[PDB]
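Q: Structure provided below as structure tokens; questions to follow.
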Amino acid sequence: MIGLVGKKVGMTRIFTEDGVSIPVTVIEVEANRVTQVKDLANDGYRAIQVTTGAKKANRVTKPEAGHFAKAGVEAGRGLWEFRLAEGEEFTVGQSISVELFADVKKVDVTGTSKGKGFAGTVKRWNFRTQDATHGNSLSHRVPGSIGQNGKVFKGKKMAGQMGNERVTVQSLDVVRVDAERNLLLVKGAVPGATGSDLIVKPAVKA
Amino acid sequence: XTXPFXX
RNA sequence: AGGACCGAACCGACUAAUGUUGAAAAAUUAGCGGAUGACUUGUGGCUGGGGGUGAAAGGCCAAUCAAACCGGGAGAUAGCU
RNA sequence: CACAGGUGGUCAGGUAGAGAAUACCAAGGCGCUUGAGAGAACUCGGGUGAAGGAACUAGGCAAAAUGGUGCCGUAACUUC
RNA sequence: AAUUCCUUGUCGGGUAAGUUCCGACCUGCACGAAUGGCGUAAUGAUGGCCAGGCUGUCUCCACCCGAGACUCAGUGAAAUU
RNA sequence: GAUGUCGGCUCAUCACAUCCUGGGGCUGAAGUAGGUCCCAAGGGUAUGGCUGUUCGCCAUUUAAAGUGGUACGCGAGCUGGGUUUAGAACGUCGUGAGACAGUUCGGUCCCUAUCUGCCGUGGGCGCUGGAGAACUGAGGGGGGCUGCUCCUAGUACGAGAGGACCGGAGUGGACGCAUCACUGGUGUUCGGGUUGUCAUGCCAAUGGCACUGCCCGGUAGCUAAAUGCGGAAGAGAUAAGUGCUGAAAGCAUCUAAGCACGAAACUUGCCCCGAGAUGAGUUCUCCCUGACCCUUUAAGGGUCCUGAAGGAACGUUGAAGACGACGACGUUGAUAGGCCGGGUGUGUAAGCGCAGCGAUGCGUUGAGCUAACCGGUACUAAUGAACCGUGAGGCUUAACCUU
Ligand SMILES: C=CC[C@@H]1/C=C/C(=O)NC/C=C/C(C)=C/[C@@H](O)C[C@@H](F)Cc2nc(co2)C(=O)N2CCC[C@@H]2C(=O)O[C@@H]1C(C)C
């Protein structure tokens, strides 16, 4: 079904009763609110529009003010969309909590990766470094050949921006769901740095 | 002259 | 005592990297070899071009050497471009 | 060339040191005729490194360390 | 063998495995006695080989300090066409 | 009037005459394990010793260690051992100078990228009122490997020995993405020890220089050797192949009409880019409801008033970044810095006092110091402003308004 939007608060260690340490990626999934409910008669696909968080009064734009005021829902920090699986129904102004993930046992998180900036072939494509001595001339961490005896094929692995892109990790085990704190304990690591917004949706890969 | 250019 | 030892100056230049329209038309950095001797160095002088000199490499003889540079024969000759 | 060049001689302080080495200073003389900011790949010059330790490579290039003083002790071979 | 074509000769030693290396055999393609022969302590920035130690040489690269690369103002370059 | 040659390194890419994995036919296929042939190129496809070597032999692995094309791929990408200069020797030929595809030692590999191309990143214009967001997904990339073990089952088979497909589960190797909580590295911006030396007037106490002077530790951040995830399942149409029905051709036949199975290929489903998709898309919301002149009287020009929504610029800045860009905040404010507290790290400061001949030790004291981290705080600085873009959005047609 649908997912939710939260914040990467960080990572901590969870000790069970048998003395095992389960890595977790805590997420502050604030109470979400629906903004739009779209159908096929107008748009052409069953989905919803959800926001979260808050924003300053004298900083948000007027166009969005009416977009949020239309549904009588306080402004958020962004907007996202979730497709419905032919069996989901919602209404504007409806608030969604973290309990939605109570009986799922697995999710696929999504978020933006960290920013490495301009990266090299080694940092980026795990290229094999050349000889550091024994003759090498200014060609230690260089790629080498990029073709044959007359064009560089498209998709050629080269240096460039590394990170700051959409990334989706799949099949992450859930550990705990504390609605009192609006938290979600996801096992393992997830993209993005502390404070970045990320999506959490049930796992399709089982 | 010496081999490859210009050894 | 020593064409002796370790090792600075000094004289050399084995290796590597840099540099290679260089800082430099052969160097820099890191180490390296001889370092009282067939040592090294300053000033001055002499051997002069098919000749000089040469612990000899066809090496050097003013950034040019299997026969210097300059001038002249000379507008050499070029069945080749 | 306002040159990372070459070089003949003379003067030769203090602490440590065997020393004209080396390290910090004195005398005295300089900061090397463009700079500011940022802190990406890659290159150059360096520092550190988990575990393994020449498996690298045509070949162990450099680095580090052994590195100094005193004492004990010291093989084959030898023209002694 | 600084010499051996056939050839990585054959055997042995060393290595888990050694066209190289050492030690022997001799079938010396084509060693050989002052264009010297066989040895030879010491010496060698000499060639080849095996060890100990040492390490980012490597497995496999990671991070950091600096000089450039990048941006701004100034000067303003050079090569091919 | 120059197309630089073996091999190695690096980076790869296509073909299929398939090395492995997958799917099948016959088998002198009992089983296990092989042989032969067909379909199949999705992905994957050893390390080392000797040698300059490719190759090859050897050792030990692996599910397998594929065959070839790409200037025997790749030197404006590296190397320079080999080939391929001048030096010098051996053997051999020649009287000799010298020479050999005979060997042996030694021996300068330059180029700041204009165009194409490729990896990335922006400006401008356009998409027909403009602006702010959220999407559709035409299309285009990424990914696709696999061993072992247990149960099924010591079952079927077989005289035994030996030993299953089908199906299920778990755990690994290699590769790949993300991440820094743990284990660790780094940490020349934290602390301490300490040699030599100069200085701060001197003692004490500090600082500078010597690779951060040499060392021992270590925060954040980055990062792997560290720890989490991943390959699929499933569906449709198919290859070889197996078929049902069934005539032509009274029988037979997988086929001609019809119909059902069928693989890691292909199309899907998983992930990312994605409306410059000029075929330029779709939804919601917000802002502008002037006065005239003149004129080749028109999608015309100009003046006065008007200047919104929003944007940009500027500034404080970022787990964003080469520059642009992207993101956060700008006094109605915690954006940065500082300050307060706390934590971490270092490891009992300084000073005085006590003991001791003194070096030193003890107590004050787990003291003092403390970078980038956590939580808070307007103390300072992010300034009122102006700069920016307007004024109802063409013609035509059809249906509506005035079904
Ligand atoms: C002592 C020096 C060895 C000597 C070299 C002669 C010489 O003059 N070399 C200069 C290189 C010229 C080049 C690279 C010209 C390109 O524009 C065309 C070439 F690419 C074509 C090509 N060359 C080859 C084969 O095909 C070829 O054989 N060579 C090219 C590299 C040297 C090698 C050669 O000629 O070596 C000789 C050997 C044999 C005595």
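In the structure tokens, chains take letters A, B, ... by order of appearance, with residues numbered from 1 within each chain and ligands from 1 in the order shown.
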Tell me, counting only C-alpha atoms (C1' of nucleotides) and all ligand atoms, for each residue of chain F within 6 Å of ligand 1, which pair of atoms is nearest and how far apart they are in Å to one decimal, in rows ordered by chain and increasing number, as a Markdown table.
A:
| residue | atom | partner | partner_atom_place_in_ligand_line | distance |
| --- | --- | --- | --- | --- |
| F:2 | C1' | ligand 1 | 17 (O) | 3.2 |
| F:3 | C1' | ligand 1 | 18 (C) | 5.3 |
| F:4 | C1' | ligand 1 | 14 (C) | 3.9 |
| F:5 | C1' | ligand 1 | 31 (C) | 5.6 |
| F:84 | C1' | ligand 1 | 3 (C) | 4.0 |
| F:85 | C1' | ligand 1 | 1 (C) | 4.0 |
Q: I need the residues from that last selection saved to file as a PDB file, in the first residue's frame (with N, CA and C atoms (P, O5', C5', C4', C3', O3' and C1' of nucleotides)), if you can.
A:
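That gives us out.pdb:
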ATOM      1  P     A F   2      53.959  14.099 -44.312  1.00  0.00           P
ATOM      2  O5'   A F   2      54.432  12.647 -43.881  1.00  0.00           O
ATOM      3  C5'   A F   2      55.419  12.482 -42.873  1.00  0.00           C
ATOM      4  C4'   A F   2      55.337  11.117 -42.245  1.00  0.00           C
ATOM      5  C3'   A F   2      54.469  11.045 -40.988  1.00  0.00           C
ATOM      6  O3'   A F   2      53.666   9.869 -41.031  1.00  0.00           O
ATOM      7  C1'   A F   2      56.623  10.185 -40.537  1.00  0.00           C
ATOM      8  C1'   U F   3      50.051   5.627 -39.884  1.00  0.00           C
ATOM      9  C3'   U F   3      51.273   7.196 -38.617  1.00  0.00           C
ATOM     10  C4'   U F   3      50.229   7.920 -39.445  1.00  0.00           C
ATOM     11  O3'   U F   3      51.497   7.817 -37.365  1.00  0.00           O
ATOM     12  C5'   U F   3      50.712   9.134 -40.192  1.00  0.00           C
ATOM     13  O5'   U F   3      51.421   8.770 -41.365  1.00  0.00           O
ATOM     14  P     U F   3      52.430   9.789 -42.052  1.00  0.00           P
ATOM     15  P     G F   4      52.964   8.337 -36.969  1.00  0.00           P
ATOM     16  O5'   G F   4      53.739   7.008 -36.572  1.00  0.00           O
ATOM     17  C5'   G F   4      53.078   5.987 -35.846  1.00  0.00           C
ATOM     18  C4'   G F   4      54.035   4.922 -35.381  1.00  0.00           C
ATOM     19  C3'   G F   4      53.433   3.826 -34.519  1.00  0.00           C
ATOM     20  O3'   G F   4      52.808   2.812 -35.282  1.00  0.00           O
ATOM     21  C1'   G F   4      55.388   4.646 -33.486  1.00  0.00           C
ATOM     22  P     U F   5      51.974   1.654 -34.551  1.00  0.00           P
ATOM     23  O5'   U F   5      52.990   0.431 -34.498  1.00  0.00           O
ATOM     24  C5'   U F   5      52.943  -0.492 -33.424  1.00  0.00           C
ATOM     25  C4'   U F   5      53.930  -1.614 -33.604  1.00  0.00           C
ATOM     26  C3'   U F   5      54.169  -2.480 -32.379  1.00  0.00           C
ATOM     27  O3'   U F   5      53.168  -3.471 -32.216  1.00  0.00           O
ATOM     28  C1'   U F   5      56.245  -1.894 -33.361  1.00  0.00           C
ATOM     29  P     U F  84      66.722  -6.232 -33.092  1.00  0.00           P
ATOM     30  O5'   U F  84      66.568  -4.647 -33.135  1.00  0.00           O
ATOM     31  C5'   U F  84      67.587  -3.835 -33.707  1.00  0.00           C
ATOM     32  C4'   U F  84      67.516  -2.406 -33.227  1.00  0.00           C
ATOM     33  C3'   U F  84      67.425  -2.227 -31.713  1.00  0.00           C
ATOM     34  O3'   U F  84      68.136  -1.055 -31.320  1.00  0.00           O
ATOM     35  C1'   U F  84      65.540  -1.243 -32.735  1.00  0.00           C
ATOM     36  P     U F  85      69.620  -1.170 -30.719  1.00  0.00           P
ATOM     37  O5'   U F  85      70.414  -0.007 -31.458  1.00  0.00           O
ATOM     38  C5'   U F  85      70.518   0.007 -32.872  1.00  0.00           C
ATOM     39  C4'   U F  85      71.238   1.233 -33.366  1.00  0.00           C
ATOM     40  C3'   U F  85      72.569   1.535 -32.701  1.00  0.00           C
ATOM     41  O3'   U F  85      73.635   0.757 -33.211  1.00  0.00           O
ATOM     42  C1'   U F  85      71.279   3.504 -32.788  1.00  0.00           C
TER      43        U F  85
END
Q: Please provide as a ChimeraX atom specification all residues within 10 Å of segment 41-58 of chain A, with the sequence filter that same-chain residues fewer than 5 positions apart are discarded (counting only C-alpha atoms (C1' of nucleotides)).
A: /A:2-7,29-36,65,68,73-96 /F:134-136,282-283,332
Q: Determine which residues of chain D sit within 9 Å of chain A, taking into account only C-alpha atoms (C1' of nucleotides), and present them as a PDB file with N, CA and C atoms (P, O5', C5', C4', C3', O3' and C1' of nucleotides), in the first residue's frame.
A:
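Once written, out-v4.pdb looks like this:
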ATOM      1  P     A D  40      36.830  20.086  -0.623  1.00  0.00           P
ATOM      2  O5'   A D  40      36.548  20.049  -2.188  1.00  0.00           O
ATOM      3  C5'   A D  40      37.547  19.614  -3.096  1.00  0.00           C
ATOM      4  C4'   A D  40      36.944  18.854  -4.247  1.00  0.00           C
ATOM      5  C3'   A D  40      37.905  18.027  -5.082  1.00  0.00           C
ATOM      6  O3'   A D  40      38.226  16.783  -4.485  1.00  0.00           O
ATOM      7  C1'   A D  40      36.483  19.262  -6.506  1.00  0.00           C
ATOM      8  P     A D  41      39.671  16.124  -4.720  1.00  0.00           P
ATOM      9  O5'   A D  41      39.566  15.466  -6.166  1.00  0.00           O
ATOM     10  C5'   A D  41      38.621  14.440  -6.426  1.00  0.00           C
ATOM     11  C4'   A D  41      38.490  14.163  -7.901  1.00  0.00           C
ATOM     12  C3'   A D  41      39.735  13.636  -8.593  1.00  0.00           C
ATOM     13  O3'   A D  41      39.897  12.240  -8.429  1.00  0.00           O
ATOM     14  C1'   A D  41      38.776  15.377  -9.884  1.00  0.00           C
ATOM     15  P     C D  42      41.278  11.642  -7.870  1.00  0.00           P
ATOM     16  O5'   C D  42      42.362  12.128  -8.926  1.00  0.00           O
ATOM     17  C5'   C D  42      42.331  11.664 -10.266  1.00  0.00           C
ATOM     18  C4'   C D  42      43.256  12.464 -11.144  1.00  0.00           C
ATOM     19  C3'   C D  42      44.673  12.635 -10.624  1.00  0.00           C
ATOM     20  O3'   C D  42      45.503  11.519 -10.882  1.00  0.00           O
ATOM     21  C1'   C D  42      43.838  14.731 -11.296  1.00  0.00           C
ATOM     22  P     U D  43      46.718  11.183  -9.888  1.00  0.00           P
ATOM     23  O5'   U D  43      47.780  12.328 -10.192  1.00  0.00           O
ATOM     24  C5'   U D  43      48.285  12.500 -11.504  1.00  0.00           C
ATOM     25  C4'   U D  43      49.200  13.692 -11.607  1.00  0.00           C
ATOM     26  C3'   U D  43      50.278  13.811 -10.547  1.00  0.00           C
ATOM     27  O3'   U D  43      51.381  12.955 -10.770  1.00  0.00           O
ATOM     28  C1'   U D  43      49.248  15.909 -10.858  1.00  0.00           C
ATOM     29  P     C D  44      52.215  12.384  -9.521  1.00  0.00           P
ATOM     30  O5'   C D  44      53.031  13.649  -9.010  1.00  0.00           O
ATOM     31  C5'   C D  44      53.853  14.378  -9.904  1.00  0.00           C
ATOM     32  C4'   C D  44      54.337  15.666  -9.293  1.00  0.00           C
ATOM     33  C3'   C D  44      55.012  15.545  -7.940  1.00  0.00           C
ATOM     34  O3'   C D  44      56.359  15.122  -8.031  1.00  0.00           O
ATOM     35  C1'   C D  44      53.455  17.318  -7.886  1.00  0.00           C
ATOM     36  P     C D  56      53.976 -11.313  -7.700  1.00  0.00           P
ATOM     37  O5'   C D  56      53.756  -9.769  -7.388  1.00  0.00           O
ATOM     38  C5'   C D  56      52.452  -9.214  -7.367  1.00  0.00           C
ATOM     39  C4'   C D  56      52.490  -7.713  -7.480  1.00  0.00           C
ATOM     40  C3'   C D  56      53.163  -7.168  -8.729  1.00  0.00           C
ATOM     41  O3'   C D  56      52.298  -7.145  -9.850  1.00  0.00           O
ATOM     42  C1'   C D  56      54.011  -6.049  -6.833  1.00  0.00           C
ATOM     43  P     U D  57      52.574  -8.111 -11.102  1.00  0.00           P
ATOM     44  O5'   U D  57      53.922  -7.543 -11.726  1.00  0.00           O
ATOM     45  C5'   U D  57      54.007  -6.190 -12.137  1.00  0.00           C
ATOM     46  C4'   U D  57      55.431  -5.699 -12.149  1.00  0.00           C
ATOM     47  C3'   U D  57      56.392  -6.471 -13.036  1.00  0.00           C
ATOM     48  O3'   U D  57      56.313  -6.084 -14.395  1.00  0.00           O
ATOM     49  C1'   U D  57      57.375  -6.126 -10.914  1.00  0.00           C
ATOM     50  P     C D  61      65.173  -1.976  -6.187  1.00  0.00           P
ATOM     51  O5'   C D  61      64.392  -0.681  -6.692  1.00  0.00           O
ATOM     52  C5'   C D  61      65.021   0.267  -7.546  1.00  0.00           C
ATOM     53  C4'   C D  61      64.416   1.644  -7.406  1.00  0.00           C
ATOM     54  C3'   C D  61      64.795   2.432  -6.157  1.00  0.00           C
ATOM     55  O3'   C D  61      66.042   3.097  -6.261  1.00  0.00           O
ATOM     56  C1'   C D  61      62.454   2.542  -6.482  1.00  0.00           C
ATOM     57  P     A D  62      66.635   3.894  -4.995  1.00  0.00           P
ATOM     58  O5'   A D  62      65.506   4.963  -4.637  1.00  0.00           O
ATOM     59  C5'   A D  62      65.471   5.600  -3.364  1.00  0.00           C
ATOM     60  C4'   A D  62      64.097   6.136  -3.049  1.00  0.00           C
ATOM     61  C3'   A D  62      63.781   6.352  -1.574  1.00  0.00           C
ATOM     62  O3'   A D  62      64.270   7.578  -1.059  1.00  0.00           O
ATOM     63  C1'   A D  62      62.047   5.115  -2.548  1.00  0.00           C
TER      64        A D  62
END
Q: Considering only C-alpha atoms (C1' of nucleotides), return as a PyMOL selection string whatever protein or nucleic-acid residues lie within 12 Å of residue 343 of chain F, sequence-local ones (same chain, fewer than 3 positions apart) excluded.
A: chain F and resi 219+370+373-375
Q: Would you mind reading off the distance between atom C1' of residue 75 of chain E and atom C1' of residue 39 of chain D, one decimal, in Å?
A: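 Value for the atom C1' of residue 75 of chain E-atom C1' of residue 39 of chain D distance: 26.5 Å.
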Q: Give me, as a list in words, all polymer residues having an atom no more than 6 Å from segment 185-194 of chain A, counting only C-alpha atoms (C1' of nucleotides) and skipping those fewer than 4 positions away in the same chain.
A: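 Those residues are residues 8, 9, 10, 23, 24, 25, 26, 111, 112, 113, 114, 172, 173, 174, 175 and 176 of chain A; 178, 179, 228 and 319 of chain F.
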Q: For C-alpha atoms (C1' of nucleotides), I'd like the residues from the last selection saved as a PDB file, in the first residue's frame.
A:
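And here's result_30.pdb as it stands now:
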ATOM      1  CA  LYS A   8      16.497  10.669   9.458  1.00  0.00           C
ATOM      2  CA  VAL A   9      17.312  11.307  13.114  1.00  0.00           C
ATOM      3  CA  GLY A  10      20.411   9.090  13.131  1.00  0.00           C
ATOM      4  CA  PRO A  23      21.545  -1.693  14.233  1.00  0.00           C
ATOM      5  CA  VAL A  24      18.631   0.669  13.661  1.00  0.00           C
ATOM      6  CA  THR A  25      17.987   3.895  11.758  1.00  0.00           C
ATOM      7  CA  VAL A  26      15.557   5.910  13.867  1.00  0.00           C
ATOM      8  CA  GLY A 111      16.026   9.158   0.059  1.00  0.00           C
ATOM      9  CA  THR A 112      18.778  11.298  -1.386  1.00  0.00           C
ATOM     10  CA  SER A 113      22.374  10.179  -1.002  1.00  0.00           C
ATOM     11  CA  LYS A 114      25.189  12.194   0.525  1.00  0.00           C
ATOM     12  CA  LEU A 172      14.622  -3.439   5.629  1.00  0.00           C
ATOM     13  CA  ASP A 173      13.389  -5.255   8.716  1.00  0.00           C
ATOM     14  CA  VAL A 174      11.326  -3.237  11.172  1.00  0.00           C
ATOM     15  CA  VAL A 175      12.217  -3.473  14.857  1.00  0.00           C
ATOM     16  CA  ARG A 176       9.819  -1.264  16.825  1.00  0.00           C
TER      17      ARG A 176
ATOM     18  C1'   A F 178      23.916   2.960   0.713  1.00  0.00           C
ATOM     19  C1'   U F 179      25.615   3.994   5.561  1.00  0.00           C
ATOM     20  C1'   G F 228      22.529  -3.733   6.570  1.00  0.00           C
ATOM     21  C1'   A F 319      26.209  16.679   6.398  1.00  0.00           C
TER      22        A F 319
END
Q: So how many Å separate atom CA of residue 157 of chain A and atom CA of residue 169 of chain A, to one decimal?
A: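 Spanning atom CA of residue 157 of chain A to atom CA of residue 169 of chain A is a straight-line distance of 23.0 Å.
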Q: How close does each residue of chain F get to chain A, giving the shortest atom pair and distance in Å to one decimal for every residue with an atom at most 10 Å away, counting only C-alpha atoms (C1' of nucleotides), sorted by chain and residue number, as a Markdown table?
A:
| residue | atom | partner | partner_atom | distance |
| --- | --- | --- | --- | --- |
| F:9 | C1' | A:130 | CA | 6.8 |
| F:10 | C1' | A:144 | CA | 4.9 |
| F:11 | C1' | A:145 | CA | 4.7 |
| F:12 | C1' | A:147 | CA | 7.0 |
| F:13 | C1' | A:147 | CA | 8.4 |
| F:70 | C1' | A:148 | CA | 7.1 |
| F:71 | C1' | A:149 | CA | 6.4 |
| F:73 | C1' | A:148 | CA | 5.2 |
| F:74 | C1' | A:148 | CA | 5.3 |
| F:77 | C1' | A:144 | CA | 4.3 |
| F:78 | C1' | A:136 | CA | 5.7 |
| F:79 | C1' | A:135 | CA | 6.1 |
| F:80 | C1' | A:135 | CA | 8.8 |
| F:116 | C1' | A:151 | CA | 8.2 |
| F:117 | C1' | A:151 | CA | 4.9 |
| F:118 | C1' | A:152 | CA | 4.9 |
| F:119 | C1' | A:158 | CA | 4.7 |
| F:120 | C1' | A:160 | CA | 4.6 |
| F:121 | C1' | A:161 | CA | 8.5 |
| F:131 | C1' | A:63 | CA | 9.3 |
| F:132 | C1' | A:63 | CA | 6.0 |
| F:133 | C1' | A:64 | CA | 7.3 |
| F:134 | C1' | A:79 | CA | 6.6 |
| F:135 | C1' | A:81 | CA | 8.1 |
| F:136 | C1' | A:44 | CA | 8.0 |
| F:141 | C1' | A:155 | CA | 8.2 |
| F:177 | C1' | A:169 | CA | 8.2 |
| F:178 | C1' | A:191 | CA | 5.7 |
| F:179 | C1' | A:189 | CA | 5.0 |
| F:180 | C1' | A:11 | CA | 8.8 |
| F:181 | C1' | A:12 | CA | 4.5 |
| F:182 | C1' | A:13 | CA | 7.8 |
| F:222 | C1' | A:116 | CA | 9.9 |
| F:227 | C1' | A:188 | CA | 7.7 |
| F:228 | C1' | A:188 | CA | 4.1 |
| F:229 | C1' | A:170 | CA | 6.1 |
| F:230 | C1' | A:170 | CA | 7.4 |
| F:232 | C1' | A:205 | CA | 8.3 |
| F:233 | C1' | A:205 | CA | 8.2 |
| F:270 | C1' | A:205 | CA | 7.9 |
| F:271 | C1' | A:168 | CA | 7.1 |
| F:272 | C1' | A:166 | CA | 7.0 |
| F:273 | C1' | A:166 | CA | 9.6 |
| F:282 | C1' | A:43 | CA | 6.6 |
| F:283 | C1' | A:43 | CA | 6.0 |
| F:284 | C1' | A:67 | CA | 6.6 |
| F:285 | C1' | A:67 | CA | 4.7 |
| F:286 | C1' | A:63 | CA | 4.0 |
| F:287 | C1' | A:63 | CA | 9.3 |
| F:309 | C1' | A:62 | CA | 7.7 |
| F:310 | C1' | A:61 | CA | 8.5 |
| F:319 | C1' | A:193 | CA | 5.7 |
| F:320 | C1' | A:115 | CA | 6.9 |
| F:321 | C1' | A:117 | CA | 6.6 |
| F:322 | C1' | A:118 | CA | 7.9 |
| F:326 | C1' | A:164 | CA | 9.7 |
| F:332 | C1' | A:58 | CA | 7.8 |
Q: Can you work out which one of D:66, D:4, D:59, D:30 has the shortest atom-to-atom distance to residue 22 of chain C, counting only C-alpha atoms (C1' of nucleotides)?
A: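 Ranked by minimum distance to residue 22 of chain C, first place goes to D:4.
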Q: Excluding segment 43-53 of chain C and residues on its chain fewer than 4 positions from it, collect all residues at most 10 Å away from it, counting only C-alpha atoms (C1' of nucleotides), and give them as a list in words.
A: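 Neighbouring residues, sequence-local ones excluded: residues 60, 61, 67 and 68 of chain C; 8 of chain D.
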Q: Restricted to N, CA, C and O atoms (P, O5', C5', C4', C3', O3' and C1' of nucleotides), what would the selected residues look like written as a PDB file, in the first residue's frame?
A:
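Generated output (part_18.pdb):
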ATOM      1  P     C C  60      82.606  14.972 -28.897  1.00  0.00           P
ATOM      2  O5'   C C  60      83.693  16.030 -28.419  1.00  0.00           O
ATOM      3  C5'   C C  60      83.722  16.464 -27.070  1.00  0.00           C
ATOM      4  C4'   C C  60      84.944  17.293 -26.770  1.00  0.00           C
ATOM      5  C3'   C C  60      85.265  18.404 -27.753  1.00  0.00           C
ATOM      6  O3'   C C  60      84.467  19.560 -27.586  1.00  0.00           O
ATOM      7  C1'   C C  60      87.230  17.205 -27.277  1.00  0.00           C
ATOM      8  P     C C  61      84.077  20.443 -28.868  1.00  0.00           P
ATOM      9  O5'   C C  61      85.450  21.133 -29.285  1.00  0.00           O
ATOM     10  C5'   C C  61      86.179  21.905 -28.345  1.00  0.00           C
ATOM     11  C4'   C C  61      87.512  22.355 -28.887  1.00  0.00           C
ATOM     12  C3'   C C  61      87.493  23.070 -30.225  1.00  0.00           C
ATOM     13  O3'   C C  61      87.109  24.428 -30.118  1.00  0.00           O
ATOM     14  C1'   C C  61      89.241  21.480 -30.197  1.00  0.00           C
ATOM     15  P     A C  67      83.720  13.715 -42.007  1.00  0.00           P
ATOM     16  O5'   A C  67      84.689  14.906 -41.586  1.00  0.00           O
ATOM     17  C5'   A C  67      84.384  15.737 -40.471  1.00  0.00           C
ATOM     18  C4'   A C  67      85.570  16.566 -40.049  1.00  0.00           C
ATOM     19  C3'   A C  67      86.115  17.516 -41.111  1.00  0.00           C
ATOM     20  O3'   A C  67      86.621  18.699 -40.493  1.00  0.00           O
ATOM     21  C1'   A C  67      87.790  15.956 -40.516  1.00  0.00           C
ATOM     22  P     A C  68      86.150  20.147 -41.007  1.00  0.00           P
ATOM     23  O5'   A C  68      85.908  20.972 -39.668  1.00  0.00           O
ATOM     24  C5'   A C  68      84.851  20.633 -38.784  1.00  0.00           C
ATOM     25  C4'   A C  68      84.647  21.697 -37.738  1.00  0.00           C
ATOM     26  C3'   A C  68      84.204  23.055 -38.259  1.00  0.00           C
ATOM     27  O3'   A C  68      82.802  23.134 -38.449  1.00  0.00           O
ATOM     28  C1'   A C  68      86.033  23.334 -36.789  1.00  0.00           C
TER      29        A C  68
ATOM     30  P     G D   8      86.200  27.737  -6.949  1.00  0.00           P
ATOM     31  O5'   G D   8      87.122  29.031  -6.861  1.00  0.00           O
ATOM     32  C5'   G D   8      88.126  29.265  -7.834  1.00  0.00           C
ATOM     33  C4'   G D   8      89.098  30.329  -7.394  1.00  0.00           C
ATOM     34  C3'   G D   8      89.135  30.637  -5.909  1.00  0.00           C
ATOM     35  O3'   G D   8      89.850  29.679  -5.153  1.00  0.00           O
ATOM     36  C1'   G D   8      89.113  32.655  -7.126  1.00  0.00           C
TER      37        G D   8
END
Q: List the neighbours of residue 7 of chain B out to 12 Å using only C-alpha atoms (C1' of nucleotides); skip same-chain residues closer than 2 positions along the sequence, and give me the result as a ChimeraX atom specification.
A: /B:1-5 /F:80,84-86,107-110
Q: Just asking: which residues within segment 25-170 of chain A are strand (DSSP E) according to DSSP, as a ChimeraX atom specification?
A: /A:25-28,32-38,47-51,80-83,95-96,106-112,115-119,160-163,166-168
Q: Could you save those same residues with C-alpha atoms as a short mmCIF file (atom, residue, chain, number, x, y, z; two decimals), in the first residue's frame?
A:
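Output file out.cif is given in full below:
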data_model
loop_
_atom_site.label_atom_id
_atom_site.label_comp_id
_atom_site.auth_asym_id
_atom_site.auth_seq_id
_atom_site.Cartn_x
_atom_site.Cartn_y
_atom_site.Cartn_z
CA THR A 25 17.99 3.89 11.76
CA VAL A 26 15.56 5.91 13.87
CA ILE A 27 13.08 8.02 11.88
CA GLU A 28 10.90 10.85 13.19
CA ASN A 32 1.19 13.12 8.12
CA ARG A 33 -1.81 14.88 6.59
CA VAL A 34 -3.46 14.42 3.20
CA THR A 35 -3.69 17.42 0.88
CA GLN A 36 -5.29 16.06 -2.30
CA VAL A 37 -7.25 12.97 -3.34
CA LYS A 38 -7.09 12.46 -7.11
CA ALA A 47 -3.03 8.43 -5.90
CA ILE A 48 -2.89 10.89 -3.01
CA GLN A 49 -0.92 13.97 -1.97
CA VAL A 50 0.62 14.03 1.51
CA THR A 51 2.68 16.65 3.33
CA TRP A 80 4.78 13.94 -2.12
CA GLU A 81 2.53 11.46 -3.90
CA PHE A 82 1.64 7.81 -3.39
CA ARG A 83 -0.18 5.55 -5.84
CA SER A 95 -4.18 12.62 9.55
CA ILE A 96 -2.04 9.50 9.21
CA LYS A 106 9.36 -4.90 6.09
CA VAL A 107 9.70 -1.65 4.15
CA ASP A 108 11.70 -0.12 1.30
CA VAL A 109 13.15 3.25 2.30
CA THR A 110 14.02 5.97 -0.21
CA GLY A 111 16.03 9.16 0.06
CA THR A 112 18.78 11.30 -1.39
CA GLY A 115 27.11 14.66 -1.60
CA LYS A 116 30.63 13.61 -2.56
CA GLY A 117 30.90 16.29 -5.24
CA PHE A 118 33.19 15.82 -8.21
CA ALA A 119 34.54 12.30 -7.74
CA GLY A 160 31.82 13.22 -12.29
CA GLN A 161 29.31 14.08 -9.62
CA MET A 162 28.93 11.25 -7.10
CA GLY A 163 25.90 11.34 -4.82
CA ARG A 166 17.54 9.48 -5.47
CA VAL A 167 18.41 6.21 -3.74
CA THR A 168 16.10 3.40 -2.62
#
Q: Fewer than 5 positions away in the same chain doesn't count, so skip those; otherwise give me all residues within 12 Å of residue 154 of chain F, counting only C-alpha atoms (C1' of nucleotides), as a list in words.
A: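 So the residues in contact are residues 162, 163 and 164 of chain F.
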